[PDB]
Structures are given as structure tokens and as C-alpha cells.
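First comes the structure, then the notes that go with it.
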Amino acid sequence: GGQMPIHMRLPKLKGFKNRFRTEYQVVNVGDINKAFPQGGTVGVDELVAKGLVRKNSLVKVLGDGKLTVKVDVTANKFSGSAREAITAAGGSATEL
Amino acid sequence: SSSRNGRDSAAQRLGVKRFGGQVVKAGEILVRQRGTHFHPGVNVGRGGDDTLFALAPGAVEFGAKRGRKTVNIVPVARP
Amino acid sequence: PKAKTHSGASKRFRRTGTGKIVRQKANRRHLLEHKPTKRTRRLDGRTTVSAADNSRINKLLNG
Amino acid sequence: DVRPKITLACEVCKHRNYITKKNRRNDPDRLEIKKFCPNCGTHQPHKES
RNA sequence: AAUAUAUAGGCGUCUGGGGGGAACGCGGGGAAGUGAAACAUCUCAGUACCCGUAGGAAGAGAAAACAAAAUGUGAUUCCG
RNA sequence: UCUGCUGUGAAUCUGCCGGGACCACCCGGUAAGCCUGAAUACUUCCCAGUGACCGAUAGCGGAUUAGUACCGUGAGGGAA
RNA sequence: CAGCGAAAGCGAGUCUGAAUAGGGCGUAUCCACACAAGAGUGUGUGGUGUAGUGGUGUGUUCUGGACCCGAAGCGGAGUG
RNA sequence: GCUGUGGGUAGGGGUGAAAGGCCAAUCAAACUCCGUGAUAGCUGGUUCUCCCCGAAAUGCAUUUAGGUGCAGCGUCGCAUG
RNA sequence: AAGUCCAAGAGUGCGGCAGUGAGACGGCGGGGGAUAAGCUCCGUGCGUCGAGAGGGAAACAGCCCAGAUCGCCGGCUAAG
RNA sequence: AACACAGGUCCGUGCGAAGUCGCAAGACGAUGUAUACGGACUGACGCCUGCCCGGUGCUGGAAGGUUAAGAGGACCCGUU
RNA sequence: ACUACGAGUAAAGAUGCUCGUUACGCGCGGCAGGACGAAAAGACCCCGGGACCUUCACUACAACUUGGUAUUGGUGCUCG
RNA sequence: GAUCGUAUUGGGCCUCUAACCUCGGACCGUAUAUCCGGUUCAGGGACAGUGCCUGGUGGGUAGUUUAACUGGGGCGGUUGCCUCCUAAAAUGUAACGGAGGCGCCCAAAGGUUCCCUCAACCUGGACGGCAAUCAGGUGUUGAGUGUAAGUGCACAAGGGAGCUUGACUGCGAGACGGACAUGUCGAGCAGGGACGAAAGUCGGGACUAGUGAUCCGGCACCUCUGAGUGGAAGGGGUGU
Ligand SMILES: [Mg+2]
Ligand SMILES: [Mg+2]
Ligand SMILES: [Zn+2]
């Protein structure tokens, strides 16, 4: 109507974008537990086979659920909780 | 053929907000006022610009004390 | 033709993990000396866009 | 201007912590005042910049 | 020739050109109404129009290129 | 990074140019010479077809004397 | 299909902050049970478990002449 | 001085013993085609039926006041009763 | 605390789609005006017209009675 | 009663002049040359045309103040 | 359309509404009081948009002009 | 710190001719040529003209702007914020209705601890008088509160003295008010302080005006980023 519009009378959101950001596709230990009842080696290939992460992305594993199986996980990155939860069930958190 | 008047300020919406018997939480504004037309009673504080606010949960009760109008909060009991 | 997002709206508003639209508060860039710290502290951070502006803000953000 | 804007800095770490106003005609000198300085973590003397 | 070297110029003979064409190409010049609820930056828009030139297509094309530590791609053009 | 005009104005490979001011190191390439098909764009014109396209106030301005009759000095407008 | 943060980053948490100290955002949602509090309820254990995406009808909307009709006037190139 | 025949000056330009006069019955900037289906907060128009519900002419802001944004008031869907 | 409660077709929250944003008169409380205007500016779980037909006021949007689903050559009433 | 006019005054112009039409070449001025040409105001003729150079123009002069590009590269910073 | 008058009422100047008054049907020649008669989407006034004109409004441009540098050279004095 | 020869380098001056110029003369292309070009004589001459950079004058030309409210428009007046009345005893409420104020000030006129009570009048007192300073009495609010008006304040928020910087940093349950953007109050927690024996009070001033969104940019600091890499430039965050 003529007054200063809502998008012009408020401050712009602070910050910048950092185009060199490394973004990861994340998978939780609960999903791994559900999808791998028999355990076994777990890499990015089978993580995309069971439809858990995108095809050709970077995978980081997060420790949300509960892990109760012996599993040998390989991934780009691991969180502290996920690594501890994998190790406690007698598995190896191999980092690429 | 002109007047020197015609300008005024905005209304400040003062007055009693919670009347006697109403249940309030701690910190609710009970009355907005300029002076101390009402003085704080038990469990009622006085703001910088002279608004009275509850200091504890309960039921508002007005009263008098030595000729002074006061606002108090009555400690409603457990259900 | 694709629909173009409003540049100012994109720069002013963001969304949360559930869909709340979030803005910043005004009266903070300058003339800060006579503003008390209590008033300065309520003017930072983020707040949810009020229900009146939700529709127009969503329109500007999407297209 | 008579009452300009002055900025007070901690004497130790020289951080501009506070901005205030003073009458320059009444107070031609720099303002000595003890104020809380955050990074120092304690009350340090402040001087007008 | 003026003027000497000569040159301009003159004379004779052979070979070409000139103009047209609906669209498409390349290279140049280049608006305003309009929008911005006014307007000049900006937009419209390198659009309308105009100029020179082609060809059956044209232009570009064979790294003084990308890329980013991968013992990686490898001219141009066009499409998503 | 590319490029127009005006000045100034280098070296020939431990040289020079690019890796978004700049400097160092590593990487890539080898400017100031020239040619090149296909993938792509278009239909004045010719042939063969198609239509949950029009059926004479529609469809081309024009199914009939059609850029005709008529209008305008002219560019031009333009039917039934 | 993970979020929080200006970002580095961390991640069912995260940011601010000296703070296990409050707050912001988030962990679909419900049920039962304990521990605390009646400053409005919170925190923990179990379960049940999380719904999107691609066609297409409809209503609005964006970019296009955009429901249809209508100026005075403004530019480019030409005719008098 | 009038006049015949022939010729010249062209649009932000000409010509004018000056009136804002004349430049093909229009001139405070000709005419034609094109940009172009210019733009218009303004005027006008917008075509068959029935059933259910049913307003506003207020507040704030506005280069705003005969326009518009948000709110108020209508309707439809869902949730709460 | 009850009432209405096979309804007000009530409130509140979110969402799709709106129109409106020129009001008028009458009754009460007021401002401006001359305590003039069919004047002008406000308040009103005030009304009607707007968007409302029927009866009365001779005619007569805003006053009084009364809210038209349709038919009947039945009855009782309102204002008058 | 407006324009013109013969007459007046001022200003400009030393000659492919000043002025003007043209991007330029070129043209008119003028096949003229200050007794000529252009611009401005006044308007036959008679008697006359007073005071003000502060404002704003036009003409002339640079002793100062201010002032672009270009010349100059003190000092500082980045790189190692 | 088989288009009276009066006093009223109404968007406040009624052939068309109310109450009354008057008037047989249809033509011909005449007059101009009404049909807010016909014609021209009021030129006055206001609001919105143009256009053209003015200036010590703003921003630009032609034109005129200042200096530096290129085209651009030599010998002599003289200053730094 | 002043003078001379070797060198470069610029400024100023007077010349010279060979760039360049001449709508000055004469010859040729040429039979016809007041064009044009060439040859040569006569003059200017490194100036002028022209290109690029640059400062001025510039309604000569062009695109435009030149507010709204308003008992029609114009002229006059006004436009934001605070206080009172209108305003109809909650809140809110219009007019070119009725009256005022603001765009600051205070380093104490802020924080805290402690003490005090005015104005007015009567009487007595050297200048001294209605009213200066002193004394006694009556005096409950009529004085005063930095500044308008209202609501307050004598329990003092009014007067005085000591110490002092809370006119803090990180926050903030819950609210008021609201179209939105603004705006307002706030107990309480931690740090580090002031005053106080302690309880406790202190995030400016008795309260409500004393102000300006966004964009763009400046400065200081930060354990953010850094276009191959190490830096850097630039960009972010916090305060302003
Ligand atoms: Mg003078
Ligand atoms: Mg005033
Ligand atoms: Zn310090």
C-alpha cells in the first residue's frame, strides 16, 4: 500500500554461506541395527543398497538408536556416540 | 482563521488489568498506573514506571491499609 | 518459465526444522547508546513471523 | 554539541567497553570511572577515549 | 606531364562486379512507450529498427583449456 | 579472465601466460599464422500426406474480377 | 530420509554463555511406569512406532497482451 | 502590385512585414507504417439454472484520502467440544 | 448455579477462496454551528434501510406492526 | 492602437570575417571589405532624453586566495 | 405508450405516484411554455495523466573553452 | 653548508627548417576545369588543427520532479512524540474542537546508609524596611519535587551529610499492549562490585516526552571464513 514493506523494514539475516562447506549424509545406528539383523561388514556400497543414504555422497554415522549386533562399519566420518556404540557391541568403526 | 491547538499524544492503556478474585501467575501485571494510586501489598511488587505485578501465584485481592489503597495476592490452596 | 524467489525475502527470512518461518528484530543497527541493555537484549536473536505475515512471507519465499 | 558521546575503555586491556554522555563544559577532563570489564573478568578503572 | 630519374595520368586488350530473394547466420549502430504504483541509476533490451555481408547452412573449433593434489579430464558445437 | 581507442612499451624456455586483487611455491598450457566435416537453425519454392482444425459475419485481407473495385498528392489503407 | 550454528564444526542434539544455568531451535505423535516438583509441569525407562513421491481433476497465484474494449500522447524509419 | 509556367526549403525541422500563423479541409510540434494487442489507481461491458450460508462502508499505515496492505466482519474444510 | 441444547446452526485454533474499506436516517449521550440546517464529527450486544417483500402512515428507502419454501374461493390476530 | 517602415543609438566583425546551415568538406554572407555586413532596442518630423555601477550581465587586469588531469613517489603495508 | 390540469409526495422542479378536477374518436394550419427538448462521454471547477513554454529546480549532452600528452624536430642562451 | 667540468633530467626565452599549415603566385593532368591532385616559388612553423585524458561556461537542447490534509480548490495553518479536557465512572473513541509542552539536562540532580520537615502567620530583635540572618510560638500539607500537565509523594518520591559508580556483564519464569514493524514491566539465577552491623537495596533519574526502520559505509575487538596450497585482500560475528 505504500508503507515500507515487511521484507524491507527488517534486518537481513546475519552471516555468510561458506561455499567450501563439507556436507555429509547421515545414518543412525538404529537404522543399521534394523537393516542388518545378521550383522556383517557394512560399507557405503551396502548402505546405499539397503536404501539408507544417497548413492555417491559422503556418509557420517550418528549414534541415535541402539546397536545389539556385531557389525563392521566403514564410513567417511563417525560421531563419538556412534563409535562408542559400535565398539561396545564388538564391532570396528573403520574410518575412510 | 487557524487554531493553535490540535495536537495530542497517544493513549497509554493504563488501568486495572486483574480485578478482585482473579487467579494470576507470578509476574503478571495487575495494574498500569502513573503514580501510586494503588500501593503494593503482600506478594505484590512495584515496577520502575509504577505498575504493580504479582510476586507469587494466587488470587488478587484489593484492600486498604491506613487509608492507602493496596493490592494483595491471596495464596489459593491446593486442589 | 520457472518461478523466481524474492531476493529480499530470501535474505530476511529462514525456516526451522518443522516449518516455522523465522525473522530478526529491528531497532538494533545503530543509535545504541541511549538504548538500555535490557531493551537491547530483547531485540536480538530470532522470532517467529506473526500469523498475519505468514501467508505473504511464504508466497515471497516460494515464488 | 555540549553533551557529546564518549567511549570508556578499560585501562588494562584497552577494550572499548562502554559508551556514555558527559557535559564537556562541566567536565573538560577525561572521565575516570570504575566499571566492570568482561574479558578482564573484574572491575577495572576506565578512561574516556 | 609539370621534370631529370620517374610517378600521376593516357591508350589498347582480357577477366570480374553491379541487381533480386520469405526465413535462418555473422559483424557493427541502436530507441521509446512500459515496470519500478512518481523518476534519473536500473528495466524494457541488445528488443523494434537500421547498416555491411554470406552459405546451404553459418559461426566456433584442435588448449598460452579445465581442474585441484584425484598417479583427474582432454578441439568445437548443440541438448538435459 | 575477455575486449575497443590513446600513450608507454618486454624476453625466447632457470622464457612467457593462466589457476577471481596481490606475493611465494606447486599445477596446467605454450599467445601475438591459417584451414576443417557431423551433431544444430530456417522454408520463398516442389511432391506426398494428416487433423476430438474453420464450413462463407468463419477460415488467409482474398472459396466469387483480390492486393481487385474504391479512398489518398504520396508513403499507405483496403472491401462486398 | 537430522538437526543446530554467522561459520569453522558438532550431531539427537546443537547455539549463546565462564556455567550440569537459564533460554532459542530440534528429536512425528500417543500409552504405561518411576523420580521430582503443585512457578503453571518437567525429567528419565519401556513400548506403539513416524510418510513421502509421481501422474492427473479443481481453486487461487507467477511470467507472459493474460477477462474484453477505450486515450491524450512517446520512439524508429519513411512520405509530403 | 497581381498573376501564369518551372524550381528550392521537411518535422523539434521549414517558412513567418510575428497571429502560436501556415506546412494537402487537422499543427504549442504534420502524415503513414512499425515498436504495439503502448499504458490508464479511471469509465464501460462480462452471456444458462436451482439448493445452503451470507457481509462491509470500521481500525492502523500509506507521495495517502474515489487506490492499496494487514486486522475486523463472510464462506468452505479440518481439529476442539 | 442453571437455562437454551434432534440448536444457537454459538465460541476457539489452523488452512483454501473472498468481498468490503464513499454509508443513510431514526432514538438516546456529546462536540463544531446561532445549543440553525434533510448540516458536520464521534459514542451506543441501539434499530431499520443498504441487502427486505407484506400491512399502516393519502402518496412517501431509514417511522410503527411484521422477516415472504410453494398452493388453498379456511380460521385467529398485530400496527392501524 | 498589433507587425513592418523610412530615421536613431548601441554591440559585434580586419576578411575562405562575425553570424548561420552542416559530423566534416562545403555553402550563404558576397563574386561584398568598416560610408560594408550581422545582432539588439526605438520607430517620420520638432524640443529633448535627468540621477545610480550596489545586484546581474558584458569588457579589460592579474598582486593575492582557491582549484583538474599530468609530473612527482618521502612514509606505510602484503609477500619471503 | 389509447403520453391532461391543480394542490401535494418522491433523488428535494412528476404525462406515468396520492386526492381531486377536467376531457367524445381522428386529422389539418399555426405558436413555441414543458418533455430538465436534439446535437457535442462540460471547454468552467476539482482529481489522475499528457503536452508544450520558463528559470539562479535536478541530472545530463551538443557547442565554446583550459591545460597535459601524441603527431613533434635542431642549434643557442638561462633557471632547477 | 657555497661554488666550477664532466652526465642525465626537466622549466623559460629567442631563433632555424625539415614535420604540419596556407582560399598566396605560377606551371602540369587539361581540348574544355574558379573542383581536385601533383611540381615549384612565397610565406607561417613545431605554434595551430586533430586524437586521448582533464577542469570550466553551458535553458542552446533533452528527460523529468514540483506532497497530502482541506466543510470545492488556492492563500493561511498543520504533519513525529508527551500531558489534560471533549470521552458518555473498565479500555478505546473523531473534527481546520478546547489548553500546554518536547527534539533536553545532571559525573550528580545516579546507587546506598543515616538524619530531618516545609509554606504561611503572630511576637521580639543594630543597621534591616512586608520580605535577607537570629529566637519563641501557631502551623498535616496550602511549600517543594531540573523542565509542560496529570497521577503521586509529609511513611516522604521534599531538605542534609558520609561512602561510592549497578548510568554493570550472561540471562530471564511470567505478563501488558497490540494489523504488522515498533513499544513496556518483570521476580529470580551466576559473575564481578557499591553501600550497610545485618536484613537487604542497586541493570540511571517520583512516573509518563527528550527521537528515526531498512539499506550503505566507518572504527575497535573475536579460538569464524580465506576461490590449487601458506598468507593476504575482501567477507562474517560482537560492541558502537
Ligand atoms: Mg557592474
Ligand atoms: Mg507547539
Ligand atoms: Zn579489561
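Protein chains in written order, with the entry's author numbering: chain s, 52 to 147; chain X, 8 to 86; chain e, 2 to 64; chain c, 6 to 54. The C-beta atom is built at its ideal place from N, Cα and C for all residues, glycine as well.
query                                                                                                                                                                       : result
Would you report the Cα separation of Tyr23/c and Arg47/e, rounded to the nearest angstrom?                                                                                 : 25 angstroms
Excluding five sequence neighbours on each side, which residues of the same chain lie with their C-beta closer than 6 angstroms to the C-beta of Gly65/X?                   : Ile80, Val81, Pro82 and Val83
Could you pull the start and end residues of the alpha helix (DSSP H) that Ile58/e belongs to?                                                                              : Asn55 to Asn63
Given a limit of 9 angstroms on CB to CB distance, which residues of the stretch 60-86 of chain s reach chain e?                                                            : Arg60, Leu61, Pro62, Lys63, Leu64 and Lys65
If the cut is a Cβ gap below 7 angstroms, which residues of chain s does residue 1/e touch?                                                                                 : Outside the shown range of chain e, which is 2 to 64, sits residue 1/e, and nothing can be said about it.
Between the Cα of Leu109/s and the Cα atoms of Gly94/s, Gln54/s, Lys121/s and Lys101/s, which residue gives the shortest distance?                                          : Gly94/s
Based on DSSP bridge pairs, tell me the residues matched to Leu13/c.                                                                                                        : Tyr23/c and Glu53/c
Verify the contact flag: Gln54/s, CB atom, against every heavy atom of ligand 3, threshold strictly below 6 angstroms.                                                      : no
Quick check on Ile36/X: buried or exposed, where buried means 16 or more other Cβ atoms within 10 Å of its Cβ?                                                              : exposed
Assuming the contact rule is C-beta atoms closer than 8 angstroms, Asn84/s and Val120/s should be a hit. Round their C-beta distance to whole Å, please.                    : 6 angstroms
Along chain s, which residues have their Cβ under 8 angstroms away from the Cβ of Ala52/e?                                                                                  : Here the premise fails: no neighbours, minimum Cβ distance about 13 angstroms.
Do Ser130/s and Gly142/s have their beta-carbon atoms positioned less than 7 angstroms apart in this structure?                                                             : no
Go through its chain and collect everything with a Cβ distance to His20/c's Cβ below 7 angstroms, but skip five positions before and after it.                              : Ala14, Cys42 and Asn44
Who does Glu37/c pair with in a DSSP beta bridge?                                                                                                                           : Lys52/c
Using 6 angstroms as the cut-off, classify the Cβ of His20/c as near or not near the heavy atoms of ligand 3, replying yes or no.                                           : yes
Give me the DSSP bridge partner(s) of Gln25/e.                                                                                                                              : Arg47/e
Can you tell which of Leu98/s, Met59/s, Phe71/s and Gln54/s has the C-alpha that lies nearest to the C-alpha of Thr125/s?                                                   : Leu98/s
Ordered along the chain, which non-local residues of its own chain (more than five positions away) have a Cβ less than 7 angstroms from that of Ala136/s?                   : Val80, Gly114 and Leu118
Output the distance between the C-alpha atoms of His35/e and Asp45/e, rounded to the nearest integer angstrom.                                                              : 16 angstroms
Starting from the N-terminal side, write out each stretch of the alpha helix (DSSP H) that is 4 residues or longer and does not extend beyond the stretch 62-94 of chain s. : 80-86
Quick check on this structure: which residue in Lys21/e, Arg43/e, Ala27/e and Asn28/e has the alpha carbon closest to the alpha carbon of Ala52/e?                          : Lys21/e
Going by beta carbon distance, what residues of the same chain come within less than 7 angstroms of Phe87/s, once the five residues before and after it are set aside?      : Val93, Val120 and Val122
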